[PDB]
Structures are given as structure tokens and as C-alpha cells.
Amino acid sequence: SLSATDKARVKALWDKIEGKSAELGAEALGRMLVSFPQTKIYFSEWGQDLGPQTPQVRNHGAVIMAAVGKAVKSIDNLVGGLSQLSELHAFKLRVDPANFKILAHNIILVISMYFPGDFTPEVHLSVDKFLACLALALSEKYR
């Protein structure tokens, strides 16, 4: 569980990285598809081959980060605030939970890569705890 401290740290980071989220999400998604090809199976409907340069991915990049920005805004109830993404992911698309870890990593990687001075050891801990909690909320509708 996220502690109030954890929430406070995620809030300071997010406020700081916001706006740039769109490029961070394009990057994060773009890197997962390329570095962990097993994830591409969930995006085979998309066209040009999947990297940061394809439009679908760069647009879906801002999409994920928007949802993440929204999760931060409801950090006190990710479950309730994320039930529709969960029904979509866990129920409709049947995404393997094991992939949530992959996206998270690519996201933290992008953040540290963009705001290195601000992604200190303590922040890295909280943001990792938050992303882990996010996946938990999204895994809600599996079974």
C-alpha cells in the first residue's frame, strides 16, 4: 500500500513531469514494443511497424500517460478510479498481468531519462510502489 508519504512523492514528481507526459508515454510505449516484442501481440491491429515514430503508438503514448495522470489524481482509490480500465484490460483484452511490469519499467526508465536529477532513490521507491499499485487496480477484473 502507498503511504501518505508515497503519495506526496508521486504528486511532486507528476506535477513536475506533466505536459511532457505525452512524449514520455510515446517513449515508454514505443520502447516496450521494441525492447519486449512479446507485447506487440496486443497491438497487431496497428499499422507501420511499432516504434516511437509510428503515429498510433505516439498517440496512444499520450493516452496511457493521461490515464496515469488521472490515477495520480485519484491516488486514494485507484481501484474505484480504475475499474473501467481494468474491465477493458483484464476482462475485454485479457492482457497477461506479467506485462504490467514491463510497461512500468519502461515508464520509470523514461522518467529517470528525462528528469534524472528529480528521480532520486526515494522517489524511485514511491513511483515504483505506485505503478505496482496501479497494476493491482487493473488486475482487479481478472477473476
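The first residue of the sequence shown is number 1, and the count goes up from there.
Student: Comparing 84-92 with 113-121, where is the mean C-alpha B-factor higher?
Tutor: Higher mean C-alpha B-factor: 113-121.
Student: Per the PDB record, is the mean Cα temperature factor higher over 46-54 or over 64-72?
Tutor: The recorded data point to 46-54.
Student: Going by the recorded CA B-factors, say which third of the chain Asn99 sits in, lowest, middle or highest.
Tutor: Lowest third, going by the recorded CA B-factors of the chain.
Student: Test of reading the entry: by CA B factor among the chain's modelled residues, which third contains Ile108?
Tutor: Its C-alpha B-factor, which the entry lists for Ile108, ranks in the highest third among residues of this chain.
Student: What third of its chain, lowest, middle or highest, does the C-alpha temperature factor of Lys11 fall into?
Tutor: Middle third, going by the recorded CA B-factors of the chain.
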